[PDB]
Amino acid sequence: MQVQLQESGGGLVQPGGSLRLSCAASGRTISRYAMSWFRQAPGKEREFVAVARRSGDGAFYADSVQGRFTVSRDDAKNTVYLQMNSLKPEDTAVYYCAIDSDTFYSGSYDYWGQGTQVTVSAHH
C-alpha cells in the first residue's frame, strides 16, 4: 500500500451545523499531490465534493457545496481537511478522501480511505 488514507471527524450534526473532517496519509508524503473529497449517499453513486491541489495551485468545488465547504492542507502533518458549514440533510453521506497520483492533476485516484459517516438530522 504505497499510500494509506484515514478519514475522521464524521458524526451526527443538526441541520445548519458545522463539521471539520480530516484525512491523514501514511506511506508517501502528500506535498506533491492533489487530495480530493468525495461522498456517497445511500444507494447513490460516489460524487465529487472538493480538491485541494498542491499549495498555490488552488481548490476546486462541486456545485452542491460551493460557498459552504472549504478544503485545506497541512503538508507537514500529511493531512487534508474539509470544513463543512451550513450543513443540510442532503449532505448526509460517507465522506472519502482520495489522492491524485498524477502531479499533472488528471484525477488518477489510486488510493482511497475507508470513509467517515456524516449524518445531518434534526435530533434532541
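One rule holds for the numbers: they count along the sequence shown, beginning at 1.
- Comparing the deposited coordinates for 57-65 and 41-49, the stretch with the larger average C-alpha B-factor is 41-49.
- Averaged over CA atoms, B-factors in the entry run higher in 8-16 than in the other of 105-113 and 8-16.
- Compared with the other modelled residues of the chain, the Cα B-factor recorded for residue 29 ranks in the highest third.
- In this PDB entry, residue 79 carries a Cα temperature factor that places it within the middle third of its chain's modelled residues.
- Compared with the other modelled residues of the chain, the Cα B-factor recorded for residue 92 ranks in the lowest third.
- Among the modelled residues of the chain, residue 36 sits in the lowest third by CA temperature factor in this PDB entry.
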